[PDB]
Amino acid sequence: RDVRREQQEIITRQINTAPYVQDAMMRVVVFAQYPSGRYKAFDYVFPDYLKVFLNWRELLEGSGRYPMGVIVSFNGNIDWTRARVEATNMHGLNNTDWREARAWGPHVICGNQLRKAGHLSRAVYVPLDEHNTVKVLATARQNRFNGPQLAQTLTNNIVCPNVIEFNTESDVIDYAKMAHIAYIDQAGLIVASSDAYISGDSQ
């Protein structure tokens, strides 16, 4: 009877389900917070996998200040059992002595450290101190990494980075809402999500 409603329901479902298709895009954003109240975002869209290393100079604010921390926003059909973040030293090392450092540290940020912001999204806050660097790994949920599919995955995976400067958190927040990505505001509230709702937050 109410096919107008049914169609809108299917559209909502479609939006929530499209990211699970094999060549769907994923979106990871690293929001850097500065004492000034300003933010800088490193926004990555990618279809298969993302490996990020933000060096200490990239993390600096225009004024030259280092960030208090980052909000790392994971969005899409990401394998949550392998999604991870760690704050390394100025050299990108998780042990001061490189001879005993590894690809990832024994206390890498993962598991339930990533907060649920919807079925499509996780977010985590990571405090930083001076000269810290940031590493992020996100991979598509399995396999495109097996045997013959690995070839297409390698050549198909074009990571598209953007760096965005925000004057205030309000700008970050509205950016996140309109980009449909998880964000955690300064009070710790989840104020943006990838999940589409047919009536918004009506309940």
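Start at 1 with the first residue shown and count on from there.
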* Unmodelled deposited residues between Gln142 and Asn143: none, 1 to 3, 4 to 9, or 10 or more? -> 4 to 9
* Peak C-alpha temperature factor (PDB record), options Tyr66, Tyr49, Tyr44, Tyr175 -> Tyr66
* To do: Check where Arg27 lands among this chain's C-alpha B-factors and tell me if it's the lowest, middle or highest third.
  => lowest
* To do: Could you say whether, by C-alpha temperature factor, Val126 belongs to the lowest, middle or highest third of its chain?
  => lowest
* Structure fact -> Entry-reported C-alpha B-factor of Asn132 relative to its chain, by third, is highest
* Asked: When the modelled residues of the chain are sorted by Cα temperature factor, does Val159 land in the lowest, middle or highest third?
  -> highest
* Structure fact -> Tertile call for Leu60 (CA temperature factor, within chain, third-based) is the middle
